[PDB]
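Next comes work_24.cif, with mmCIF, C-alpha atoms and all ligand atoms.
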```cif
data_upload
loop_
_atom_site.label_atom_id
_atom_site.label_comp_id
_atom_site.auth_asym_id
_atom_site.auth_seq_id
_atom_site.Cartn_x
_atom_site.Cartn_y
_atom_site.Cartn_z
CA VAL A 3 -29.85 10.57 35.35
CA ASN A 4 -27.11 11.61 32.91
CA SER A 5 -23.47 10.69 32.29
CA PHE A 6 -21.77 13.81 33.75
CA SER A 7 -19.33 12.76 36.43
CA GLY A 8 -17.37 14.55 39.11
CA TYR A 9 -19.27 17.85 39.06
CA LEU A 10 -19.92 20.06 42.07
CA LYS A 11 -23.57 21.18 42.34
CA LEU A 12 -23.96 25.05 42.72
CA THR A 13 -27.75 25.38 42.37
CA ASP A 14 -30.79 23.36 41.39
CA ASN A 15 -29.65 23.43 37.75
CA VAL A 16 -25.99 24.58 37.58
CA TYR A 17 -23.00 22.25 38.08
CA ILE A 18 -19.26 23.02 37.82
CA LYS A 19 -16.04 20.97 37.24
CA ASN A 20 -12.33 21.62 36.65
CA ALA A 21 -12.01 20.01 33.23
CA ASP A 22 -10.87 20.50 29.66
CA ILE A 23 -14.12 20.94 27.72
CA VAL A 24 -12.59 19.13 24.73
CA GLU A 25 -11.75 16.07 26.82
CA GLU A 26 -15.00 16.32 28.79
CA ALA A 27 -16.94 16.41 25.51
CA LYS A 28 -14.91 13.52 24.06
CA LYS A 29 -15.85 11.32 26.95
CA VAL A 30 -19.44 12.32 27.63
CA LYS A 31 -20.60 12.90 23.92
CA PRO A 32 -23.23 15.28 25.33
CA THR A 33 -26.25 16.25 23.29
CA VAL A 34 -25.02 19.88 23.30
CA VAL A 35 -21.56 21.36 23.79
CA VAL A 36 -21.39 25.17 23.88
CA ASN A 37 -18.68 26.98 21.96
CA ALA A 38 -17.47 30.43 23.01
CA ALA A 39 -17.84 31.78 19.49
CA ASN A 40 -17.36 35.14 17.84
CA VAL A 41 -19.83 36.61 15.34
CA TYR A 42 -17.76 35.40 12.37
CA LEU A 43 -17.45 31.86 13.74
CA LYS A 44 -13.65 32.22 13.31
CA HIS A 45 -12.45 29.58 15.77
CA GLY A 46 -8.87 30.76 16.23
CA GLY A 47 -8.13 30.48 19.93
CA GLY A 48 -9.49 29.99 23.40
CA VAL A 49 -12.26 27.46 23.76
CA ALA A 50 -13.25 27.85 20.09
CA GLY A 51 -9.76 27.17 18.78
CA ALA A 52 -9.48 24.10 21.01
CA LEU A 53 -12.88 22.69 20.04
CA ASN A 54 -12.19 23.28 16.37
CA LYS A 55 -8.74 21.65 16.58
CA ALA A 56 -10.32 18.58 18.21
CA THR A 57 -12.63 18.29 15.17
CA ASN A 58 -9.65 18.36 12.77
CA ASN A 59 -10.98 21.72 11.44
CA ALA A 60 -14.36 20.27 10.42
CA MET A 61 -16.06 22.75 12.75
CA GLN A 62 -14.39 25.64 10.88
CA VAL A 63 -15.36 24.23 7.47
CA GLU A 64 -18.99 23.90 8.53
CA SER A 65 -18.90 27.35 10.13
CA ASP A 66 -17.52 29.05 7.01
CA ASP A 67 -20.39 27.60 4.97
CA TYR A 68 -22.87 28.81 7.62
CA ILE A 69 -21.49 32.38 7.49
CA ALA A 70 -21.36 32.43 3.70
CA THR A 71 -25.08 31.60 3.68
CA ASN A 72 -26.36 33.55 6.70
CA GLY A 73 -23.85 36.28 7.52
CA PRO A 74 -22.48 36.96 10.99
CA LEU A 75 -24.20 36.23 14.26
CA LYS A 76 -25.22 38.99 16.68
CA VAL A 77 -23.30 39.56 19.88
CA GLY A 78 -25.55 37.81 22.39
CA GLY A 79 -26.79 35.42 19.69
CA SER A 80 -26.20 31.81 18.77
CA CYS A 81 -26.58 29.12 16.18
CA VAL A 82 -26.83 25.32 16.36
CA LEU A 83 -24.40 23.39 14.19
CA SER A 84 -22.95 19.89 14.26
CA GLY A 85 -21.07 18.67 17.31
CA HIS A 86 -18.80 16.59 15.03
CA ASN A 87 -16.84 14.04 17.13
CA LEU A 88 -17.47 15.96 20.38
CA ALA A 89 -21.28 16.09 20.82
CA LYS A 90 -24.49 15.67 18.88
CA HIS A 91 -24.75 19.45 18.46
CA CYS A 92 -22.57 22.47 19.06
CA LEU A 93 -24.37 25.60 20.25
CA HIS A 94 -22.12 28.47 19.13
CA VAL A 95 -22.88 31.34 21.52
CA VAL A 96 -21.40 34.84 21.18
CA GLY A 97 -20.75 36.45 24.54
CA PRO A 98 -19.56 40.08 24.54
CA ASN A 99 -15.73 40.43 24.10
CA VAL A 100 -14.48 43.05 26.57
CA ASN A 101 -11.24 43.32 24.59
CA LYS A 102 -13.41 44.65 21.73
CA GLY A 103 -15.39 47.07 23.92
CA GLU A 104 -18.67 45.15 23.73
CA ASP A 105 -21.42 45.82 26.23
CA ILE A 106 -21.24 43.38 29.09
CA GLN A 107 -25.04 43.62 29.52
CA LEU A 108 -25.19 41.38 26.43
CA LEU A 109 -23.82 38.54 28.56
CA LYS A 110 -27.31 37.85 29.93
CA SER A 111 -28.71 37.67 26.39
CA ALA A 112 -25.93 35.25 25.47
CA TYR A 113 -26.76 32.92 28.36
CA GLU A 114 -30.48 33.02 27.47
CA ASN A 115 -29.62 30.89 24.42
CA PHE A 116 -28.86 28.02 26.82
CA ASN A 117 -32.54 27.88 27.85
CA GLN A 118 -33.44 26.42 24.45
CA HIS A 119 -31.62 23.17 25.42
CA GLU A 120 -32.52 20.86 28.29
CA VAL A 121 -28.92 19.89 29.11
CA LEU A 122 -25.61 21.46 28.03
CA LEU A 123 -21.88 21.16 28.60
CA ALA A 124 -20.52 24.68 28.42
CA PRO A 125 -17.67 27.05 29.23
CA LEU A 126 -18.18 30.29 31.09
CA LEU A 127 -19.25 32.80 28.47
CA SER A 128 -17.04 35.86 27.93
CA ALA A 129 -14.34 34.38 30.21
CA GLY A 130 -10.77 33.65 29.13
CA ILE A 131 -9.64 35.66 26.10
CA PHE A 132 -13.04 37.40 25.92
CA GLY A 133 -11.88 39.47 28.88
CA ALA A 134 -14.82 39.38 31.30
CA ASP A 135 -14.58 38.52 34.98
CA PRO A 136 -15.36 34.77 35.23
CA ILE A 137 -16.96 35.29 38.67
CA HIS A 138 -19.46 37.80 37.10
CA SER A 139 -20.03 35.38 34.24
CA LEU A 140 -20.87 32.60 36.71
CA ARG A 141 -23.32 34.88 38.52
CA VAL A 142 -25.09 35.79 35.27
CA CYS A 143 -25.17 32.11 34.28
CA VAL A 144 -26.80 31.09 37.57
CA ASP A 145 -29.29 33.96 37.41
CA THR A 146 -30.21 33.42 33.73
CA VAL A 147 -29.99 29.73 32.78
CA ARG A 148 -32.89 27.56 33.94
CA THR A 149 -31.96 24.39 32.05
CA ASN A 150 -29.30 21.97 33.29
CA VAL A 151 -25.83 23.33 32.65
CA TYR A 152 -22.55 21.51 33.32
CA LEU A 153 -19.73 24.06 33.29
CA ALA A 154 -16.16 23.03 32.42
CA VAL A 155 -13.45 25.34 33.77
CA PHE A 156 -10.01 24.62 32.32
CA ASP A 157 -7.88 26.44 34.90
CA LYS A 158 -7.71 24.71 38.28
CA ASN A 159 -6.80 27.94 40.08
CA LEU A 160 -9.86 29.85 38.69
CA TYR A 161 -12.14 26.90 39.46
CA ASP A 162 -11.17 27.05 43.13
CA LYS A 163 -11.72 30.82 43.20
CA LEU A 164 -15.14 30.47 41.54
CA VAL A 165 -16.29 27.84 44.06
CA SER A 166 -14.86 29.61 47.11
CA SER A 167 -16.43 32.97 46.17
CA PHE A 168 -19.81 31.60 45.05
CA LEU A 169 -22.81 32.88 46.88
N1 LIG B 201 -7.48 30.92 25.49
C1 LIG B 201 -8.12 29.78 25.81
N2 LIG B 201 -9.12 29.87 26.73
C2 LIG B 201 -9.81 28.77 27.07
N3 LIG B 201 -10.74 28.96 28.04
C3 LIG B 201 -11.28 30.27 28.43
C4 LIG B 201 -11.26 30.18 29.96
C5 LIG B 201 -12.49 30.71 30.76
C6 LIG B 201 -11.52 31.32 31.77
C7 LIG B 201 -10.45 31.29 30.68
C8 LIG B 201 -10.80 28.75 30.30
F1 LIG B 201 -9.47 28.79 30.50
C9 LIG B 201 -11.38 28.19 31.61
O1 LIG B 201 -12.51 27.74 31.61
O2 LIG B 201 -10.64 28.23 32.58
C10 LIG B 201 -11.11 27.97 29.03
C11 LIG B 201 -9.44 27.52 26.50
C12 LIG B 201 -8.37 27.55 25.57
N4 LIG B 201 -7.70 28.65 25.21
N5 LIG B 201 -8.14 26.29 25.10
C13 LIG B 201 -9.02 25.41 25.70
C14 LIG B 201 -9.16 24.03 25.54
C15 LIG B 201 -10.14 23.40 26.25
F2 LIG B 201 -10.29 22.05 26.11
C16 LIG B 201 -10.99 24.07 27.12
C17 LIG B 201 -10.86 25.43 27.27
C18 LIG B 201 -9.87 26.13 26.58
#
```
Rewrite the structure from the file as structure tokens, please.
Amino acid sequence: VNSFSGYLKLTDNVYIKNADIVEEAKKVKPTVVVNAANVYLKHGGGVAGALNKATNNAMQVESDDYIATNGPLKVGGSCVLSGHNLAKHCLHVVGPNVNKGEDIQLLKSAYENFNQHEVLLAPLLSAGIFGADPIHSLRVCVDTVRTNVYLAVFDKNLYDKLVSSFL
């Protein structure tokens, strides 16, 4: 039993809700919240900008130190950093950005990072400003992640489309 409330169950291990991931994280304090990061951990907009803003920019400060030490992530890769006031940990995962021409096949590799964590609160990778089809992203998530994933979808309209078209 865990503290996630109001989710619709899609499969044995994947759950979905219409929610703001910032507010969902603030209330649940999950062990892991996933950020839709870029390789530079520049959290300017989308989910990343919203998560970072909710941390009063502490996420960005920590991220800049991480990059200065380690260099950029790989597309499809991840790193574990602090969850600040939102979660114990933040798993920064880089899905391919279609608006940069990145290979969508890397979306599966991105979701594989979730399997290193028993339970996660996460957005749909490569959705939103990353330009991928959220329905495809959900399919890859379901077919790749084996651990327990609670997906937060900000837009009510897209949420309904994702549920209604789910196979
Ligand atoms: N550009 C942008 N995309 C965001 N996504 C990307 C998205 C996937 C489909 C498009 C999303 F809309 C959704 O799940 O419906 C969330 C958020 C955001 N800005 N600010 C936010 C603040 C939050 F608390 C949570 C999510 C976002």
| So which one's closest to residue 55 in chain A, A:123, A:24, A:39, A:70? Using only C-alpha atoms, please. | A:24
| task | Kindly indicate which residue among A:14, A:104, A:162, A:25 lies nearest to ligand LIG 201 (chain B), using all atoms listed in the file for the distances. | result | A:25
| field | All residues having an atom within 7 Å of ligand LIG 201 (chain B) (all atoms listed in the file) as a PyMOL selection string | value | chain A and resi 22-25+47-49+51-53+125-126+129-131+136+154-157+160
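From CA of residue 138 in chain A back to CA of residue 167 in chain A, the distance works out to 10.7 Å.
Take CA of residue 8 in chain A and CA of residue 84 in chain A: the distance between them is 26.0 Å.
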| Suppose you want the space between CA of residue 124 in chain A and CA of residue 72 in chain A; what is it in Å? |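 Between these atoms lies a distance of 24.2 Å.
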| Which residues, written as a ChimeraX atom specification, have at least one atom at most 10 Å from residue 4 in chain A, with only C-alpha atoms counted and residues fewer than 3 positions away on the same chain left out? | /A:7,30,32,121
